[PDB]
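Enquirer: how would this look folded up:
(2 chains, ligands or ions: 2)
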There are 2 protein chains.
Amino acid sequence: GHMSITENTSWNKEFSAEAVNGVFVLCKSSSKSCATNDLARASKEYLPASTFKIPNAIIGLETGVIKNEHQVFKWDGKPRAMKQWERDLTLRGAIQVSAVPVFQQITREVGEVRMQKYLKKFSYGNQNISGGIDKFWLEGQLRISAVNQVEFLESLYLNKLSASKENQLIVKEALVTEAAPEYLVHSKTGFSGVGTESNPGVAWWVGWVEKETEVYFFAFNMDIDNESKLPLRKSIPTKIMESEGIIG
Amino acid sequence: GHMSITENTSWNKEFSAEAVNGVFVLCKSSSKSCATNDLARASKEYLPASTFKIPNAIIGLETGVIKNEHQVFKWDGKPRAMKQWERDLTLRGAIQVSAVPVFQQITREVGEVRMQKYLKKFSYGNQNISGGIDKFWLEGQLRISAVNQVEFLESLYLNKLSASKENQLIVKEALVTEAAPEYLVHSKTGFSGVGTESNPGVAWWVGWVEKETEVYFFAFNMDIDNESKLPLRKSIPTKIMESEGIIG
Ligand SMILES: *C(=O)[C@H](NC(=O)/C(=N/OC(C)(C)C(=O)O)c1csc(N)n1)[C@@H]1NC(C(=O)O)=C(C[n+]2ccccc2)CS1
Ligand SMILES: *C(=O)[C@H](NC(=O)/C(=N\OC(C)(C)C(=O)O)c1csc(N)n1)[C@@H]1NC(C(=O)O)=C(C[n+]2ccccc2)CS1
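Expert: Residues are numbered from 1 along each chain as shown, chains lettered A, B, ... in the order given. Ligands and ions are numbered 1, 2, ... in the order given. Next comes the structure:
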(Lines give C-alpha, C1' and ligand atoms only; values in the text may rest on other atoms or scores of the structure.)
(Ligands and ions follow the chains in the order given, each with its own letter.)
Protein backbone atom coordinates (compact mmCIF):
# COMPACT_ATOMS: atom_id res chain seq x y z
CA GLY A 1 0.00 0.00 0.00
CA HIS A 2 0.83 3.73 0.34
CA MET A 3 -0.57 4.31 3.83
CA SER A 4 0.63 7.34 5.82
CA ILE A 5 -0.19 6.70 9.50
CA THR A 6 0.47 8.81 12.62
CA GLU A 7 0.54 7.47 16.19
CA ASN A 8 -1.57 9.61 18.54
CA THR A 9 -1.26 8.05 22.01
CA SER A 10 -3.70 10.58 23.51
CA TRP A 11 -6.31 8.16 22.07
CA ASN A 12 -5.15 5.58 24.62
CA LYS A 13 -7.18 7.26 27.40
CA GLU A 14 -10.51 5.84 26.11
CA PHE A 15 -8.95 2.36 26.31
CA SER A 16 -7.11 2.70 29.62
CA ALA A 17 -10.26 4.18 31.22
CA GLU A 18 -12.02 0.87 30.43
CA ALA A 19 -9.05 -1.44 31.15
CA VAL A 20 -8.92 -2.63 27.52
CA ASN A 21 -6.16 -3.56 25.09
CA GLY A 22 -6.92 -2.74 21.48
CA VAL A 23 -6.36 -0.43 18.56
CA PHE A 24 -8.32 2.04 16.53
CA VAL A 25 -7.27 3.12 13.00
CA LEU A 26 -9.05 6.10 11.41
CA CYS A 27 -8.39 7.50 7.93
CA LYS A 28 -9.78 10.67 6.34
CA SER A 29 -10.40 10.62 2.56
CA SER A 30 -7.95 7.78 1.89
CA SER A 31 -5.20 5.61 3.36
CA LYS A 32 -2.80 8.54 2.76
CA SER A 33 -4.10 10.26 5.94
CA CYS A 34 -4.50 7.86 8.89
CA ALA A 35 -4.04 7.84 12.65
CA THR A 36 -3.99 5.16 15.36
CA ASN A 37 -3.47 4.88 19.13
CA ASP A 38 -0.87 2.09 18.62
CA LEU A 39 1.21 1.64 15.49
CA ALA A 40 2.41 -1.88 16.43
CA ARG A 41 -1.06 -3.31 17.16
CA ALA A 42 -2.44 -1.48 14.11
CA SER A 43 -0.33 -3.79 11.91
CA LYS A 44 -0.88 -6.91 14.04
CA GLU A 45 -3.05 -9.63 12.46
CA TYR A 46 -6.07 -11.11 14.27
CA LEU A 47 -8.77 -13.64 13.50
CA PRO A 48 -11.48 -11.80 11.45
CA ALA A 49 -14.55 -13.66 12.73
CA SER A 50 -17.77 -12.18 11.33
CA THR A 51 -15.88 -9.35 9.55
CA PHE A 52 -15.05 -12.05 6.99
CA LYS A 53 -18.66 -11.80 5.80
CA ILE A 54 -17.70 -8.75 3.73
CA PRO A 55 -15.26 -10.62 1.37
CA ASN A 56 -17.22 -13.89 1.64
CA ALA A 57 -20.35 -12.20 0.28
CA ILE A 58 -18.41 -10.61 -2.59
CA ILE A 59 -16.83 -13.98 -3.40
CA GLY A 60 -20.24 -15.62 -3.16
CA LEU A 61 -21.56 -13.23 -5.83
CA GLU A 62 -18.47 -13.38 -8.03
CA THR A 63 -18.59 -17.16 -8.18
CA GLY A 64 -22.39 -17.28 -8.64
CA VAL A 65 -22.96 -19.37 -5.50
CA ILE A 66 -25.09 -16.40 -4.42
CA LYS A 67 -27.41 -16.07 -7.42
CA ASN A 68 -28.21 -12.37 -6.97
CA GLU A 69 -29.03 -9.50 -4.64
CA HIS A 70 -32.60 -10.77 -4.11
CA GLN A 71 -31.75 -14.37 -3.08
CA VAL A 72 -33.43 -15.67 0.09
CA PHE A 73 -31.59 -18.03 2.47
CA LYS A 74 -34.33 -20.26 3.95
CA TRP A 75 -34.07 -21.81 7.42
CA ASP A 76 -34.35 -25.62 6.99
CA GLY A 77 -36.00 -25.87 10.47
CA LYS A 78 -32.99 -27.30 12.38
CA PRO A 79 -31.82 -25.25 15.44
CA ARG A 80 -28.97 -22.74 15.38
CA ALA A 81 -26.60 -21.10 17.86
CA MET A 82 -28.72 -17.93 18.05
CA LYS A 83 -32.49 -17.55 17.77
CA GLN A 84 -32.20 -14.43 15.60
CA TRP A 85 -30.71 -16.85 13.00
CA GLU A 86 -33.75 -19.18 13.02
CA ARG A 87 -35.60 -17.62 10.03
CA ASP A 88 -35.54 -16.92 6.30
CA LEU A 89 -32.96 -14.21 5.51
CA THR A 90 -31.95 -11.93 2.67
CA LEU A 91 -28.27 -11.34 1.92
CA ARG A 92 -28.44 -8.08 3.87
CA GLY A 93 -30.39 -9.69 6.70
CA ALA A 94 -27.86 -12.51 7.05
CA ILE A 95 -24.96 -10.05 7.14
CA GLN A 96 -26.73 -7.72 9.57
CA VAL A 97 -27.75 -10.41 12.08
CA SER A 98 -24.43 -12.08 11.32
CA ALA A 99 -25.75 -15.56 10.47
CA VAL A 100 -22.62 -17.75 10.43
CA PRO A 101 -24.24 -20.99 9.08
CA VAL A 102 -25.55 -19.21 5.97
CA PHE A 103 -21.98 -18.17 5.24
CA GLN A 104 -20.41 -21.56 6.08
CA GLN A 105 -22.70 -23.00 3.42
CA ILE A 106 -21.73 -20.35 0.84
CA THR A 107 -18.04 -21.07 1.52
CA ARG A 108 -18.43 -24.87 1.20
CA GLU A 109 -20.02 -24.24 -2.22
CA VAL A 110 -17.26 -21.78 -3.22
CA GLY A 111 -14.48 -24.28 -2.44
CA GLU A 112 -10.86 -23.87 -1.28
CA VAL A 113 -9.41 -23.27 -4.74
CA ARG A 114 -11.61 -20.31 -5.59
CA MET A 115 -11.51 -19.02 -2.03
CA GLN A 116 -7.72 -19.09 -2.10
CA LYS A 117 -7.61 -17.27 -5.44
CA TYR A 118 -9.91 -14.45 -4.29
CA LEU A 119 -8.17 -13.80 -0.97
CA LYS A 120 -5.00 -13.38 -3.04
CA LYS A 121 -6.77 -10.94 -5.37
CA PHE A 122 -8.07 -9.02 -2.32
CA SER A 123 -4.75 -9.11 -0.37
CA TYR A 124 -6.86 -10.29 2.54
CA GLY A 125 -4.58 -10.81 5.53
CA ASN A 126 -2.20 -13.79 5.78
CA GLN A 127 -4.45 -15.54 3.22
CA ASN A 128 -4.14 -18.78 5.19
CA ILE A 129 -7.39 -20.75 4.79
CA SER A 130 -6.33 -23.96 6.57
CA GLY A 131 -8.38 -25.16 9.53
CA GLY A 132 -11.41 -26.49 7.59
CA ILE A 133 -13.18 -24.89 4.57
CA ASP A 134 -16.09 -23.90 6.85
CA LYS A 135 -14.11 -22.49 9.79
CA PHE A 136 -10.72 -21.05 8.71
CA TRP A 137 -11.99 -17.52 9.61
CA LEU A 138 -13.67 -18.71 12.83
CA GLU A 139 -11.08 -20.93 14.56
CA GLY A 140 -8.53 -21.60 11.79
CA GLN A 141 -5.37 -19.76 10.77
CA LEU A 142 -6.67 -16.75 8.78
CA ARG A 143 -5.55 -13.45 10.32
CA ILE A 144 -5.84 -9.76 9.28
CA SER A 145 -4.69 -6.43 10.75
CA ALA A 146 -6.68 -3.22 11.32
CA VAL A 147 -4.49 -1.49 8.71
CA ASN A 148 -5.27 -4.19 6.14
CA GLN A 149 -9.02 -4.02 6.97
CA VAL A 150 -8.93 -0.30 6.18
CA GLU A 151 -7.04 -0.82 2.91
CA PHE A 152 -9.58 -3.49 1.96
CA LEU A 153 -12.58 -1.33 2.84
CA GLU A 154 -11.16 1.62 0.90
CA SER A 155 -10.79 -0.56 -2.19
CA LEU A 156 -14.42 -1.64 -1.74
CA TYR A 157 -15.62 1.93 -1.26
CA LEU A 158 -13.91 2.90 -4.52
CA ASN A 159 -15.04 -0.27 -6.39
CA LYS A 160 -11.37 -1.20 -6.90
CA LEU A 161 -11.51 -4.81 -5.61
CA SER A 162 -11.00 -7.42 -8.35
CA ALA A 163 -14.70 -8.09 -8.74
CA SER A 164 -17.57 -6.53 -10.70
CA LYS A 165 -18.69 -3.04 -9.65
CA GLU A 166 -22.23 -4.51 -9.41
CA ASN A 167 -21.17 -7.03 -6.75
CA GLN A 168 -19.26 -4.46 -4.71
CA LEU A 169 -22.34 -2.20 -4.76
CA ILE A 170 -24.58 -5.09 -3.70
CA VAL A 171 -22.37 -5.74 -0.69
CA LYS A 172 -22.06 -2.06 0.23
CA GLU A 173 -25.90 -1.91 0.23
CA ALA A 174 -25.91 -4.86 2.66
CA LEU A 175 -23.48 -3.04 5.02
CA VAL A 176 -25.45 0.21 5.60
CA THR A 177 -26.17 0.51 9.32
CA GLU A 178 -27.18 4.17 9.73
CA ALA A 179 -28.74 6.60 7.22
CA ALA A 180 -29.52 10.32 7.37
CA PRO A 181 -29.66 13.13 4.73
CA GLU A 182 -25.95 13.93 5.08
CA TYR A 183 -24.67 11.14 7.33
CA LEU A 184 -24.21 7.52 6.18
CA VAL A 185 -22.46 4.64 8.01
CA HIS A 186 -21.44 1.32 6.50
CA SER A 187 -20.13 -1.08 9.17
CA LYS A 188 -19.60 -4.69 10.27
CA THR A 189 -19.04 -6.19 13.74
CA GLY A 190 -17.11 -9.30 14.79
CA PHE A 191 -16.59 -11.28 18.03
CA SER A 192 -14.76 -14.58 18.50
CA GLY A 193 -16.04 -15.34 22.01
CA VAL A 194 -14.20 -14.86 25.29
CA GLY A 195 -11.33 -17.31 24.54
CA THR A 196 -9.88 -17.50 28.06
CA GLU A 197 -7.97 -15.00 30.26
CA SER A 198 -4.59 -16.44 29.15
CA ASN A 199 -5.59 -16.28 25.45
CA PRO A 200 -8.45 -13.70 25.07
CA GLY A 201 -10.94 -13.51 22.20
CA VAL A 202 -11.13 -10.59 19.76
CA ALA A 203 -13.87 -8.05 19.04
CA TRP A 204 -13.96 -5.94 15.83
CA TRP A 205 -15.79 -2.96 14.41
CA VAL A 206 -14.84 -1.95 10.89
CA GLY A 207 -16.34 0.28 8.25
CA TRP A 208 -16.64 3.84 7.00
CA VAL A 209 -18.56 7.04 7.70
CA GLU A 210 -19.67 9.57 5.08
CA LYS A 211 -20.48 13.05 6.41
CA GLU A 212 -21.19 15.86 3.98
CA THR A 213 -18.53 15.46 1.27
CA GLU A 214 -15.95 13.66 3.42
CA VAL A 215 -15.37 9.94 4.04
CA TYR A 216 -13.66 8.33 7.07
CA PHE A 217 -12.50 4.69 7.10
CA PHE A 218 -12.09 2.93 10.45
CA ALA A 219 -11.12 -0.39 12.02
CA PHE A 220 -11.23 -1.26 15.70
CA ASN A 221 -10.24 -4.44 17.48
CA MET A 222 -9.77 -5.27 21.15
CA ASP A 223 -8.91 -8.27 23.32
CA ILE A 224 -12.05 -9.49 25.10
CA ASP A 225 -12.18 -12.03 27.94
CA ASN A 226 -15.56 -10.88 29.30
CA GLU A 227 -18.80 -10.58 27.31
CA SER A 228 -19.83 -7.58 29.46
CA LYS A 229 -17.10 -5.50 27.78
CA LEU A 230 -18.48 -6.12 24.27
CA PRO A 231 -20.30 -2.69 24.03
CA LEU A 232 -16.91 -1.00 24.15
CA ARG A 233 -16.24 -2.15 20.60
CA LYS A 234 -18.61 0.66 19.49
CA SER A 235 -18.38 3.18 22.32
CA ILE A 236 -14.60 3.58 22.16
CA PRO A 237 -14.51 4.23 18.36
CA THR A 238 -17.59 6.44 18.69
CA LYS A 239 -15.92 8.56 21.41
CA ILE A 240 -12.67 8.95 19.47
CA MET A 241 -14.61 10.04 16.37
CA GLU A 242 -16.77 12.42 18.48
CA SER A 243 -13.61 14.06 19.78
CA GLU A 244 -12.39 14.43 16.16
CA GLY A 245 -15.50 16.08 14.68
CA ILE A 246 -17.10 13.14 12.98
CA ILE A 247 -19.95 11.73 15.07
CA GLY A 248 -20.18 14.75 17.40
CA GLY B 1 -49.40 -4.01 -17.76
CA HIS B 2 -50.14 -6.70 -15.22
CA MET B 3 -51.09 -4.55 -12.17
CA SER B 4 -53.89 -6.00 -9.97
CA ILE B 5 -55.31 -3.31 -7.67
CA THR B 6 -58.11 -3.31 -5.09
CA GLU B 7 -60.07 -0.34 -3.80
CA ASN B 8 -60.41 -0.33 -0.01
CA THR B 9 -62.44 2.70 1.03
CA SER B 10 -61.69 2.16 4.74
CA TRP B 11 -58.32 3.83 4.03
CA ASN B 12 -60.20 7.10 3.35
CA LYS B 13 -60.51 7.41 7.16
CA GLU B 14 -57.04 8.98 7.60
CA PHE B 15 -57.65 11.37 4.67
CA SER B 16 -61.07 12.68 5.82
CA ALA B 17 -59.86 12.96 9.42
CA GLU B 18 -57.47 15.67 8.14
CA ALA B 19 -59.72 17.08 5.41
CA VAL B 20 -57.31 16.04 2.64
CA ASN B 21 -57.88 14.88 -0.93
CA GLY B 22 -55.27 12.27 -1.82
CA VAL B 23 -54.38 8.72 -2.79
CA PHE B 24 -52.26 5.94 -1.33
CA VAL B 25 -51.15 2.94 -3.39
CA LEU B 26 -49.50 0.06 -1.50
CA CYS B 27 -48.32 -3.17 -3.13
CA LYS B 28 -46.99 -6.32 -1.44
CA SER B 29 -44.20 -8.27 -3.19
CA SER B 30 -45.08 -6.91 -6.63
CA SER B 31 -47.56 -4.94 -8.72
CA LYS B 32 -49.70 -8.12 -8.90
CA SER B 33 -51.01 -7.39 -5.39
CA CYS B 34 -51.89 -3.70 -4.81
CA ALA B 35 -54.42 -1.74 -2.80
CA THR B 36 -55.60 1.87 -2.81
CA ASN B 37 -58.19 4.14 -1.20
CA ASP B 38 -59.21 5.62 -4.60
CA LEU B 39 -58.94 3.83 -7.94
CA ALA B 40 -59.64 6.90 -10.09
CA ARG B 41 -57.07 9.05 -8.30
CA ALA B 42 -54.51 6.15 -8.27
CA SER B 43 -54.36 6.40 -12.09
CA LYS B 44 -54.49 10.18 -12.37
CA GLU B 45 -51.27 11.90 -13.44
CA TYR B 46 -49.74 14.76 -11.41
CA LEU B 47 -46.46 16.63 -11.84
CA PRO B 48 -43.74 14.63 -10.03
CA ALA B 49 -41.95 17.60 -8.47
CA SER B 50 -38.88 16.39 -6.54
CA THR B 51 -39.74 12.66 -7.04
CA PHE B 52 -38.37 13.26 -10.58
CA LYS B 53 -34.89 13.21 -8.99
CA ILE B 54 -34.97 9.39 -9.08
CA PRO B 55 -35.12 9.04 -12.92
CA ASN B 56 -33.11 12.25 -13.30
CA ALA B 57 -30.20 10.72 -11.31
CA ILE B 58 -30.33 7.44 -13.29
CA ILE B 59 -30.30 9.38 -16.60
CA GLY B 60 -27.46 11.57 -15.34
CA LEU B 61 -25.32 8.48 -14.71
CA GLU B 62 -26.41 6.68 -17.89
CA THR B 63 -25.41 9.57 -20.14
CA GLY B 64 -22.11 10.12 -18.27
CA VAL B 65 -23.16 13.65 -17.18
CA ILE B 66 -22.70 12.35 -13.63
CA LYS B 67 -19.28 10.68 -13.72
CA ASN B 68 -19.83 8.25 -10.83
CA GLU B 69 -21.37 7.91 -7.37
CA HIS B 70 -18.45 9.80 -5.74
CA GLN B 71 -18.88 12.98 -7.77
CA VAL B 72 -19.10 16.15 -5.68
CA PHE B 73 -21.41 18.93 -6.85
CA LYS B 74 -19.58 22.14 -5.83
CA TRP B 75 -21.45 25.24 -4.71
CA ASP B 76 -20.38 28.43 -6.52
CA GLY B 77 -21.02 30.52 -3.37
CA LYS B 78 -24.02 32.33 -4.99
CA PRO B 79 -27.45 32.33 -3.23
CA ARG B 80 -29.72 29.31 -3.37
CA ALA B 81 -33.32 29.11 -2.28
CA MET B 82 -32.68 26.81 0.68
CA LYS B 83 -29.81 27.24 3.20
CA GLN B 84 -29.28 23.46 3.14
CA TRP B 85 -28.34 23.72 -0.59
CA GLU B 86 -25.63 26.31 0.07
CA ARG B 87 -22.76 23.81 0.35
CA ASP B 88 -20.96 21.11 -1.64
CA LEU B 89 -23.13 17.98 -2.06
CA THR B 90 -22.66 14.34 -2.95
CA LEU B 91 -25.19 12.73 -5.25
CA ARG B 92 -26.88 11.12 -2.26
CA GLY B 93 -26.80 14.44 -0.37
CA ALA B 94 -28.31 16.34 -3.32
CA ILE B 95 -31.12 13.81 -3.59
CA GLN B 96 -31.74 13.71 0.16
CA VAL B 97 -31.98 17.51 0.61
CA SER B 98 -33.77 17.80 -2.78
CA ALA B 99 -31.24 20.25 -4.31
CA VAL B 100 -33.18 21.45 -7.33
CA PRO B 101 -30.30 23.58 -8.82
CA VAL B 102 -27.91 20.62 -8.88
CA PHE B 103 -30.52 18.65 -10.85
CA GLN B 104 -31.43 21.58 -13.15
CA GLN B 105 -27.75 21.68 -14.10
CA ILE B 106 -27.69 17.87 -14.64
CA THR B 107 -30.81 18.18 -16.80
CA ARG B 108 -29.38 21.05 -18.91
CA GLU B 109 -26.29 18.95 -19.73
CA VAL B 110 -28.39 15.88 -20.56
CA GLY B 111 -30.54 17.94 -22.99
CA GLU B 112 -34.09 17.48 -24.35
CA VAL B 113 -33.36 14.65 -26.79
CA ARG B 114 -31.64 12.27 -24.31
CA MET B 115 -34.15 13.15 -21.63
CA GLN B 116 -37.02 12.24 -23.98
CA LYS B 117 -35.44 8.92 -24.87
CA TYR B 118 -34.97 7.70 -21.27
CA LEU B 119 -38.45 8.82 -20.16
CA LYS B 120 -39.75 6.64 -22.99
CA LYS B 121 -37.55 3.69 -22.00
CA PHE B 122 -38.67 4.04 -18.36
CA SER B 123 -42.39 4.52 -19.28
CA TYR B 124 -42.28 7.55 -17.00
CA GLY B 125 -45.65 9.23 -16.93
CA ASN B 126 -46.97 11.10 -19.96
CA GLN B 127 -43.28 11.30 -21.13
CA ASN B 128 -43.92 14.98 -21.95
CA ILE B 129 -40.77 17.15 -21.96
CA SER B 130 -42.30 20.18 -23.69
CA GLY B 131 -41.85 23.78 -22.48
CA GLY B 132 -38.03 23.87 -22.56
CA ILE B 133 -35.25 21.94 -20.80
CA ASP B 134 -35.49 24.50 -17.94
CA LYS B 135 -39.01 23.57 -16.68
CA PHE B 136 -40.79 20.34 -17.71
CA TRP B 137 -40.80 18.53 -14.27
CA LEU B 138 -41.25 21.92 -12.58
CA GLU B 139 -42.96 24.61 -14.75
CA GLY B 140 -43.73 21.92 -17.36
CA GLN B 141 -45.98 19.27 -18.82
CA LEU B 142 -44.55 16.04 -17.31
CA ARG B 143 -47.14 14.22 -15.17
CA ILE B 144 -47.22 10.73 -13.61
CA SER B 145 -49.74 8.70 -11.53
CA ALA B 146 -49.23 6.89 -8.24
CA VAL B 147 -49.68 3.58 -10.06
CA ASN B 148 -47.00 4.50 -12.60
CA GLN B 149 -44.62 5.50 -9.75
CA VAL B 150 -45.11 2.15 -8.06
CA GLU B 151 -44.43 0.38 -11.38
CA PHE B 152 -41.31 2.52 -11.93
CA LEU B 153 -40.03 1.86 -8.39
CA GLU B 154 -40.67 -1.89 -8.67
CA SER B 155 -38.58 -1.93 -11.82
CA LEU B 156 -35.81 -0.06 -10.04
CA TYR B 157 -35.91 -2.45 -7.08
CA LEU B 158 -35.57 -5.42 -9.43
CA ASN B 159 -32.82 -3.67 -11.42
CA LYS B 160 -35.03 -4.04 -14.49
CA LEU B 161 -35.03 -0.44 -15.82
CA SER B 162 -33.27 0.01 -19.18
CA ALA B 163 -30.10 1.26 -17.51
CA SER B 164 -27.04 -0.53 -16.20
CA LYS B 165 -27.54 -2.48 -12.99
CA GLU B 166 -24.70 -0.54 -11.39
CA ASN B 167 -26.40 2.85 -12.08
CA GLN B 168 -29.68 1.54 -10.58
CA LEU B 169 -27.75 0.33 -7.52
CA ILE B 170 -26.03 3.72 -7.13
CA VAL B 171 -29.36 5.52 -7.17
CA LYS B 172 -30.91 3.00 -4.75
CA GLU B 173 -28.19 3.62 -2.13
CA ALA B 174 -28.82 7.35 -2.47
CA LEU B 175 -32.49 6.74 -1.65
CA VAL B 176 -32.07 4.84 1.66
CA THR B 177 -33.81 6.74 4.47
CA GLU B 178 -33.93 4.20 7.34
CA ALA B 179 -31.67 1.24 7.96
CA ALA B 180 -31.99 -1.44 10.62
CA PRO B 181 -30.87 -5.12 10.58
CA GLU B 182 -34.20 -6.40 9.22
CA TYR B 183 -35.98 -3.17 8.15
CA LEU B 184 -34.86 -1.01 5.19
CA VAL B 185 -36.67 2.06 3.73
CA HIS B 186 -35.97 3.79 0.44
CA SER B 187 -38.11 6.92 -0.10
CA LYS B 188 -38.39 10.30 -1.80
CA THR B 189 -40.60 13.35 -1.16
CA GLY B 190 -41.96 16.04 -3.49
CA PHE B 191 -43.94 19.28 -3.08
CA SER B 192 -44.89 21.61 -5.94
CA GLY B 193 -46.12 24.53 -3.79
CA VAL B 194 -49.51 25.72 -2.48
CA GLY B 195 -51.10 26.64 -5.84
CA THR B 196 -54.55 28.15 -5.15
CA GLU B 197 -57.63 26.92 -3.28
CA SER B 198 -59.05 26.40 -6.80
CA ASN B 199 -55.86 24.77 -8.21
CA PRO B 200 -53.92 23.19 -5.32
CA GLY B 201 -50.32 22.06 -5.43
CA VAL B 202 -49.34 18.43 -4.96
CA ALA B 203 -47.22 16.72 -2.37
CA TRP B 204 -45.76 13.23 -2.78
CA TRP B 205 -44.08 10.48 -0.88
CA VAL B 206 -42.94 7.38 -2.76
CA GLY B 207 -40.66 4.49 -1.99
CA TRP B 208 -40.49 0.95 -0.75
CA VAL B 209 -40.03 -0.88 2.55
CA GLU B 210 -38.10 -4.13 3.00
CA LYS B 211 -39.12 -6.10 6.09
CA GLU B 212 -37.63 -9.53 6.70
CA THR B 213 -38.04 -11.26 3.33
CA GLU B 214 -41.03 -9.20 2.09
CA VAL B 215 -41.04 -5.97 0.08
CA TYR B 216 -43.78 -3.34 -0.11
CA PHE B 217 -43.96 -0.55 -2.74
CA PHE B 218 -45.86 2.66 -1.99
CA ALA B 219 -46.80 5.96 -3.61
CA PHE B 220 -48.75 8.75 -1.91
CA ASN B 221 -49.95 12.05 -3.29
CA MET B 222 -52.31 14.77 -2.09
CA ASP B 223 -53.69 18.18 -3.02
CA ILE B 224 -52.15 20.87 -0.82
CA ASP B 225 -53.10 24.54 -0.53
CA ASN B 226 -51.53 25.08 2.92
CA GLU B 227 -47.83 24.44 3.73
CA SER B 228 -48.74 23.43 7.29
CA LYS B 229 -50.37 20.26 5.91
CA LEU B 230 -47.10 19.01 4.36
CA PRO B 231 -46.17 16.48 7.12
CA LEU B 232 -49.30 14.48 6.23
CA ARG B 233 -47.40 13.15 3.18
CA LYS B 234 -45.49 10.98 5.67
CA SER B 235 -47.95 10.53 8.58
CA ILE B 236 -50.90 9.31 6.50
CA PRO B 237 -48.94 6.57 4.62
CA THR B 238 -47.23 5.68 7.90
CA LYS B 239 -50.57 5.18 9.69
CA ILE B 240 -51.95 2.96 6.91
CA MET B 241 -48.73 0.96 6.73
CA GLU B 242 -48.81 0.52 10.52
CA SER B 243 -52.40 -0.75 10.45
CA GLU B 244 -51.29 -3.33 7.84
CA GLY B 245 -48.51 -4.43 10.24
CA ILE B 246 -45.72 -3.03 8.05
CA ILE B 247 -44.20 -0.24 10.14
CA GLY B 248 -42.43 -2.51 12.64
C1 LIG C 1 -39.38 19.22 -4.85
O2 LIG C 1 -40.44 18.62 -4.65
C3 LIG C 1 -39.47 20.60 -4.26
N4 LIG C 1 -39.17 21.48 -5.26
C5 LIG C 1 -39.63 22.57 -5.76
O6 LIG C 1 -38.71 23.07 -6.40
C7 LIG C 1 -40.89 23.32 -5.67
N8 LIG C 1 -41.05 23.94 -4.58
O9 LIG C 1 -41.94 24.69 -4.10
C10 LIG C 1 -41.72 25.29 -2.79
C11 LIG C 1 -40.58 24.67 -1.96
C12 LIG C 1 -43.02 25.18 -1.99
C13 LIG C 1 -41.29 26.74 -2.98
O14 LIG C 1 -41.54 27.66 -2.16
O15 LIG C 1 -40.57 26.96 -4.07
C16 LIG C 1 -41.65 23.34 -6.92
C17 LIG C 1 -42.25 24.48 -7.50
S18 LIG C 1 -42.98 24.07 -9.02
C19 LIG C 1 -42.46 22.44 -8.83
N20 LIG C 1 -42.76 21.53 -9.77
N21 LIG C 1 -41.72 22.21 -7.72
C22 LIG C 1 -38.42 20.56 -3.17
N23 LIG C 1 -39.18 20.01 -2.05
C24 LIG C 1 -39.07 20.29 -0.77
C25 LIG C 1 -40.01 19.47 0.00
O26 LIG C 1 -40.50 18.39 -0.60
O27 LIG C 1 -40.35 19.71 1.14
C28 LIG C 1 -38.16 21.15 -0.23
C29 LIG C 1 -37.80 21.23 1.26
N30 LIG C 1 -36.80 20.26 1.82
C31 LIG C 1 -35.47 20.54 1.77
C32 LIG C 1 -34.52 19.67 2.33
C33 LIG C 1 -34.95 18.49 2.96
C34 LIG C 1 -36.32 18.22 3.02
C35 LIG C 1 -37.23 19.12 2.46
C36 LIG C 1 -37.37 22.14 -1.07
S37 LIG C 1 -37.71 22.16 -2.80
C1 LIG D 1 -19.23 -13.26 14.24
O2 LIG D 1 -18.19 -12.66 14.57
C3 LIG D 1 -19.95 -13.61 15.52
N4 LIG D 1 -19.41 -14.83 16.13
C5 LIG D 1 -19.74 -16.11 16.26
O6 LIG D 1 -20.64 -16.68 15.70
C7 LIG D 1 -18.86 -16.76 17.26
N8 LIG D 1 -19.16 -16.83 18.50
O9 LIG D 1 -20.28 -16.50 18.99
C10 LIG D 1 -20.58 -16.56 20.39
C11 LIG D 1 -19.38 -16.98 21.25
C12 LIG D 1 -21.08 -15.18 20.84
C13 LIG D 1 -21.69 -17.59 20.56
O14 LIG D 1 -21.64 -18.45 21.42
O15 LIG D 1 -22.74 -17.55 19.74
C16 LIG D 1 -17.47 -17.14 16.93
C17 LIG D 1 -16.68 -17.99 17.72
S18 LIG D 1 -15.08 -18.13 17.09
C19 LIG D 1 -15.53 -17.04 15.82
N20 LIG D 1 -14.70 -16.65 14.86
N21 LIG D 1 -16.79 -16.59 15.86
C22 LIG D 1 -21.43 -13.23 15.54
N23 LIG D 1 -21.30 -11.80 15.81
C24 LIG D 1 -21.84 -11.07 16.79
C25 LIG D 1 -21.08 -9.85 16.91
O26 LIG D 1 -20.12 -9.62 16.02
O27 LIG D 1 -21.27 -9.08 17.81
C28 LIG D 1 -22.86 -11.39 17.62
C29 LIG D 1 -23.37 -10.50 18.78
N30 LIG D 1 -23.79 -11.10 20.08
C31 LIG D 1 -22.99 -11.96 20.76
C32 LIG D 1 -23.38 -12.52 21.98
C33 LIG D 1 -24.61 -12.18 22.54
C34 LIG D 1 -25.42 -11.29 21.85
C35 LIG D 1 -24.98 -10.76 20.63
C36 LIG D 1 -23.56 -12.70 17.35
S37 LIG D 1 -22.39 -13.92 16.85
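Enquirer: Residue B:101 versus the nearest residue to residue A:215 once chain neighbours are set aside, what's the distance?
Expert: Leaving out its chain neighbours, the residue that sits closest to residue A:215 by CB to CB, 6 or more residues apart in numbering or on different chains is residue A:208, at 5.8 Å. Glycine gets a C-beta too; all of them are placed from N, C-alpha and C. Distance, residue A:208 to residue B:101, using CB to CB, to the nearest Å: 28 Å.
Enquirer: who's more crowded, the two?
Expert: For residue A:208 versus residue B:101, the count of surrounding residues by other CB atoms under 10 Å in any protein chain shown is larger for residue A:208: 21 against 17.
Enquirer: The more buried one belongs to a strand?
Expert: Yes. Residue A:208: assigned to a strand according to DSSP: H, G, I helix; E, B strand; the rest coil.
Enquirer: Next one: it relative to chain B, how far apart?
Expert: According to CB to the nearest CB, to the nearest Å, residue A:208 stands 12 Å off from chain B.
Enquirer: Residue A:223 touches residue A:19, doesn't it?
Expert: No. The criterion here is CB atoms under 8 Å, and residue A:223 misses it with residue A:19 at 10.6 Å.
Enquirer: Contacts only, for residue A:193.
Expert: Residues in contact with residue A:193 (CB atoms under 8 Å, 6 or more residues apart in numbering or on different chains) are residue A:201.
Enquirer: tell me the secondary structure for it?
Expert: With three-state DSSP as the basis, residue A:193 sits in coil.
Enquirer: before we move on, the earlier item: neighbour count for residue A:223 and residue A:19, which is higher?
Expert: residue A:223 (16 against 9).
Enquirer: and the residue nearest to that one when sequence neighbours are not counted, how many neighbours?
Expert: Closest residue to residue A:223 apart from its sequence neighbours, by CB to CB, 6+ apart: residue A:200 at 4.1 Å. Residues near residue A:200, counting by other CB under 10 Å, number 17.
Enquirer: now do residue A:28
Expert: Residue A:28 - counted by other CB under 10 Å - has 15 other residues nearby.
Enquirer: Tell me where chain A has strands.
Expert: Ranges of strands within chain A are A:5-7, A:22-28, A:34-36, A:72-73, A:89-90, A:176-180, A:183-191, A:201-211, A:214-224, based on DSSP state E.
Enquirer: Need the winner for burial among these.
Expert: Highest mean neighbour count of the strands of chain A: strand A:22-28, a mean of 24 (counted as mean count of other CB atoms under 10 Å in any protein chain shown).
Enquirer: List the contacts of that strand.
Expert: Taking CB under 8 Å, 6+ apart as the rule, strand A:22-28 contacts A:3, A:5, A:11, A:15, A:33-38, A:41-42, A:44, A:146-147, A:149-150, A:154, A:203, A:214-223, A:236-237, A:240-241, A:244.
Enquirer: rerun at 7 Å
Expert: Contacts of strand A:22-28 from elsewhere in the structure, counted by CB atoms under 7 Å, 6 or more residues apart in numbering or on different chains, are A:11, A:15, A:33-38, A:41-42, A:146-147, A:150, A:214, A:216-223, A:236-237, A:240-241.
Enquirer: now do stretch A:241-248
Expert: Stretch A:241-248 is contacted from outside by A:26, A:209, A:211, A:216, A:238, using CB under 7 Å, 6+ apart.
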